[PDB]
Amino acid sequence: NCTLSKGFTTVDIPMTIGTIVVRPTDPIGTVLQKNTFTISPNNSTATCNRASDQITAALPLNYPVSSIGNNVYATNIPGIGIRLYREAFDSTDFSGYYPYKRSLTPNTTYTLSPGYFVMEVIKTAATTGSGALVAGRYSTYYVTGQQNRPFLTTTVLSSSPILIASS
């Protein structure tokens, strides 16, 4: 099981993105929009004591994978998928696409690494809808037994909608 440092504090990234225009001529699989957000960690750490303990990168809205697979997940907007990941500032240390699990080394102290959180909005069908992406927590990153206290969350806010405009 995993222990968190005293004063452990989740970092949340509001995902604010301007209007994404989808055109009929955009082929299926097009990355319509790719946004990077700075991951700015604090001194929070986690230490675990069992080799079965895990770090989990999860998508709590629990939408199904889209028709095109490849970790492109459906949204409330037909034909519009999202894909999430993290990377170092120098673009290395690719986290892998959400969701994933990774085994943790017992007695290693883990921190949140700095870098970019990457959100891609991707066309997944010939016909695409219009509207705001549903608001809420789009990703979470937490250790075993500490799902209530993640290292990192990303959130779409009601007050800052991500609008899909299809023409």
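The first residue of the shown sequence is 1; numbering continues from there.
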| item | value |
| --- | --- |
| Per the entry, higher mean C-alpha B factor between 22-30 and 132-140 | 22-30 |
| 94-102 or 118-126, whichever carries the higher mean Cα B-factor | 118-126 |
| Top Cα B factor in the deposited entry, candidates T108, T56, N42, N35 | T108 |
| Within-chain third of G79 by Cα B-factor, per the entry | highest |
| For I13, the third of its chain into which the C-alpha B factor falls | lowest |
| Chain thirds of CA B-factor: placement of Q147 | middle |
